[PDB]
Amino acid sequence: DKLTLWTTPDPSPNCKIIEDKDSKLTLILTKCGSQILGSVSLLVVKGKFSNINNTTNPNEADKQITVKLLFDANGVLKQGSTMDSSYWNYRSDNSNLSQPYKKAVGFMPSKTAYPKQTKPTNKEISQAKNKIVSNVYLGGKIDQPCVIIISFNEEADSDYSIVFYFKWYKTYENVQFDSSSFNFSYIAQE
């Protein structure tokens, strides 16, 4: 079938913000022909970001988290991605031999919608179209906003990329990084 590429709904820790498996990234990608429908949430279970305190840790580095998914020409997740390979595969509809996927180019962000940028800016080429910008809410609390920026194909060192950038502006005291669910879509490569 191959219409869902995901972490499953409840992965074990599968993401390295600071240390291996310090966080759980839940990511579902569903193919609806020419668009991928996504939903992402991030829970930090260990380390400074599992109990944010920006009085104790007041630097810019203490107020953001970047999760990078890097893919090769076959749409396979590359080593060096923030998310590890423990939970990343097609949803199975039958229980016959389980193998890592070899091809998911149909799940990749379009290279023509979201080309790689060169650093001489030109007014003819968008700098925004490959970004989705909004807020998520830590603990699902309205008074704990966190900006999310999802960027497509902006990593120079991979064929495709999906990057989730989380940055908060408020000084949080003893707040676990735990983002409310964020729904999004993008144009598929094929």
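Sequential numbering from 1, following the sequence displayed.
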The stretch whose C-alpha atoms carry the larger average B-factor in the entry, 6-14 or 177-185, is 6-14
Assert higher mean C-alpha B factor (137-145 or 46-54, deposited values) equals 46-54
Using the B-factors in the PDB entry, rank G75's C-alpha atom against the chain and give the third, lowest, middle or highest. middle
C-alpha B factor of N122, ranked within the chain: lowest, middle or highest third? highest
Place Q35 in the lowest, middle or highest third of its chain's C-alpha B-factors, as listed in the PDB entry. middle
Of the three thirds of Cα B-factor ranks in this chain, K167 occupies the lowest
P109: CA B-factor among chain residues, third -> lowest
